[PDB]
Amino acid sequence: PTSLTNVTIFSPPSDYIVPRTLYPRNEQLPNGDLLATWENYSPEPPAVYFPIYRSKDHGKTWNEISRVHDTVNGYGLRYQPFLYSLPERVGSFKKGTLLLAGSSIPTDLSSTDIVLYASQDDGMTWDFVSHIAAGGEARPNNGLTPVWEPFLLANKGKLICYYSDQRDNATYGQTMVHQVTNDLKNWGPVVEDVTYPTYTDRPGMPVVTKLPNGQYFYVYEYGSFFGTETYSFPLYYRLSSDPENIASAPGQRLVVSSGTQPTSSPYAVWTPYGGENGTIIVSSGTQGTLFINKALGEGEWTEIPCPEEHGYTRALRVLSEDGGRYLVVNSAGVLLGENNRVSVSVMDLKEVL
């Protein structure tokens, strides 16, 4: 791999509906190939889908290889995709099964349904596997009951889906939860992970990375007034060595040594590069820079430059090559952007950390 800056994965046609693209997610397959997807705001009918673009040259070039269509509901696979190559067998699904989770939503935004698709051929073909969790109207207003934003992680023969939940609307504006499965078909009960006792609090957007000491780094945006008249979405994290037990961990505000206060839609990854504990790398949805931590989340975070533009839930990935030397930084644009596109940069962590 090499350093790359602002490579276009997809530039949408102007007849796509603003924002046209949003919400980048990606995966690296064991052979090193990179896959990318996003919310694809094509005019309907037919129903929206999640496109799957591949790079076989470490991000230099990209080509569409498949599309994940809403074969289960016919509504459209509309919001919040997530790609995940299983690192171990789960039930009847071998290691290397490629999963997509994402939300099936009708055009009228009346409902949400996080569904799970699988591919056994590295993203060429797809089949519906299960519903994970369904809810109400797909708008982030209090009193509504949607579900949102799946994140998938396997551990001990199980798959965990973390997501944001508005269904307990009598008690919380929003929570984050998870469900677990040992077969991808049958999901356990909803487990509350992050809840707060002020109704107007809206923690959301869970992203997890495993650390080399066995702790899991669980990052989220914490929407709150914090007792003031002004709402914000600062980044918080919880640390636990049990990825199914988050509620018992106190939240920790991410503090940056420069004084930048990162907000919205985090993403976190870990590389072995940078020191004896490696480096945790975090993005927000608001800042173009990156935030790093060489002490497993202790102390303060160092803000570093980044050549990729800022964007909503900008996605990070530590590529496997050379033992974690290269970082993908992948944007799909800004909220309600008039000129969104899907792009990627690759940074050489040997040099930038």
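Residue positions are given as counts along the sequence shown, with the first one as 1.
Practice task
Take the C-alpha B-factors listed in the entry for 273 to 281 and for 222 to 230, compute each mean, and give the stretch with the larger one.
Solution key: The recorded data point to 222 to 230.
Problem - Mean temperature factor over C-alpha atoms, higher-scoring stretch between 97 to 105 and 124 to 132 - result: For C-alpha atoms only, the mean B-factor is higher in 124 to 132.
Exercise for the section: For the C-alpha B-factor as written in the entry, point me to the maximum among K210, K185, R253, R167. Expected result: That would be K185, according to the entry.
Exercise for the section: Could you check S257, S110, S264, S248 and tell me which one carries the biggest Cα B-factor in the deposited entry? Expected result: Spelled out: the listed residue with the top C-alpha B-factor is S248.
Exercise for the section: Going by the recorded CA B-factors, say which third of the chain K156 sits in, lowest, middle or highest. Expected result: As the PDB entry reports it, the C-alpha B-factor of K156 lands in the highest third of its chain.
Practice task
Divide the modelled residues of the chain into thirds by Cα B-factor and specify which third, lowest, middle or highest, holds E298.
Solution key: For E298, the deposited C-alpha B-factor lands in the lowest third.
Handout entry: Chain third (lowest, middle, highest) by recorded CA B-factor, residue given as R78
Key = Bottom third by C-alpha B-factor.
Practice task
Rank-wise, by C-alpha B-factor, drop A47 into the lowest, middle or highest third of its chain.
Solution key: Its C-alpha B-factor, which the entry lists for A47, ranks in the highest third among residues of this chain.
Exercise for the section: Taking the values exactly as deposited, rank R89 by C-alpha B-factor within its chain and report the matching third: lowest, middle or highest. Expected result: Top third by C-alpha B-factor.
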